[PDB]
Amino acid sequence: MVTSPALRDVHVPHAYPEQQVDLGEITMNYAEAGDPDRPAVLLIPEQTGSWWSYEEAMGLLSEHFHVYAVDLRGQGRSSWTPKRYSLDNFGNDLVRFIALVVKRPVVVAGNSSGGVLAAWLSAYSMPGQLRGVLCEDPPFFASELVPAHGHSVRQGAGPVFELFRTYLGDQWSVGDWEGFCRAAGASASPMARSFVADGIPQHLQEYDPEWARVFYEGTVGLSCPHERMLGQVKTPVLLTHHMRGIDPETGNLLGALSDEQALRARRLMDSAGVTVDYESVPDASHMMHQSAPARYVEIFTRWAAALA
C-alpha cells in the first residue's frame, strides 16, 4: 500500500489514544487528557493543525484540567466535507461536540483560525455551554476577504492559501508537492517558506486544502462578518497577540493580525459587555502552545483559574 493524503490513509500514532463521535453530518476525531472531574477545556487547532498540535500542552494542562483536543472537519481523522467549509459549520460542529461528548460547560482555547472559532462559540454557542474563551493569535479581520478594519486576507496569509489551493488542491486532488515548494521558495511571504520541506509535513498530509480555498476566496466567512461576531460575544475573552509586523517590499501584514485590528476587536468585545483580557507577546511565535508550551499553559491557567 502506497499511502496518500487524498486517500486519507496517512495517520500515525500519538501520545494519547484517539476517539471518534458521530455528530450527524460528520464524525469528529479527538483525544482526551487529565482527570475527568476537573474543569473541562476544549482545544481547537490552527488551520492545517490536527488535535496533536496540542500534544505537549495537553500534558501540562492535565495538571489542572480535563482536556479535549479536536480535529475539525477537513482535518486529521474527522470527516472531509467537500463544498461545506464555513465558520458556521465548523462552529456548529463544536457546539455538537460539547453537547454530545463534554456534557459540561467548557473553557475554549483556539489558535489562529481556531481562535476565530473560539470567539464564534463565545457569541453563537448554545446558552450556558461556555465559561470563557482564549483566542491564541487569531486573525480577526485579517482572515476576511473584505474586513471592516485593516488588512484583508489577500494582504496577509492569502499568498500561502493561494499556493495550497493551486499546488495541493481540494481534497489533495493535485498534490504537486514539488511545484508547491518551487513556488513557495520563490514567494515574498516568509510564512509560505516555513512549509517548504523535503517531504510533506505530517500535519499537512492530514489537511483538506479546500480550507485554503475558502479562506482565499472569501466564502468561509461570507455569512459571518467578524465585526458582528466580536460585538456579540457573551463570555470572558482572553486575546493573545504574538509576532506581527509589516513587510517593506509589499506592505503586507506579517503575523495573525495588526495592532489596529486587535484594538478594533477589543473595542467591539468591550461593547458586548464582557470581560476582555489582552496579552501582547510580541516575541512569541504564532503557535506558542507548540513552540513555548509552558509559557502558553501559564497564561491560560492564570486566566482560567480566575473565571468561575
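For every residue, the number given is its place in the sequence shown, counted from 1.
- The stretch 190 to 198 shows the higher mean C-alpha B-factor when 190 to 198 is compared against 140 to 148 in the entry.
- Stretches compared: 179 to 187, 229 to 237. Higher mean C-alpha B-factor in the entry: 179 to 187.
- Looking at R104, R131, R154, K83, the one whose CA carries the top B-factor in the deposited record is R104.
- By the numbers in the PDB entry, the CA B factor is greatest at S271 among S271, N29, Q261, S50.
- Annotation for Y278: CA B-factor lies in the highest third of the chain's modelled residues.
- In the deposited entry, the Cα temperature factor of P36 places it in the highest third of its chain's modelled residues.
- For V70, the recorded CA temperature factor ranks within the lowest third of the chain's modelled residues.
- Looking at the C-alpha B-factors along this chain, the one for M243 belongs to the highest third.
- The PDB entry assigns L43 a C-alpha temperature factor belonging to the middle third of its chain's modelled residues.
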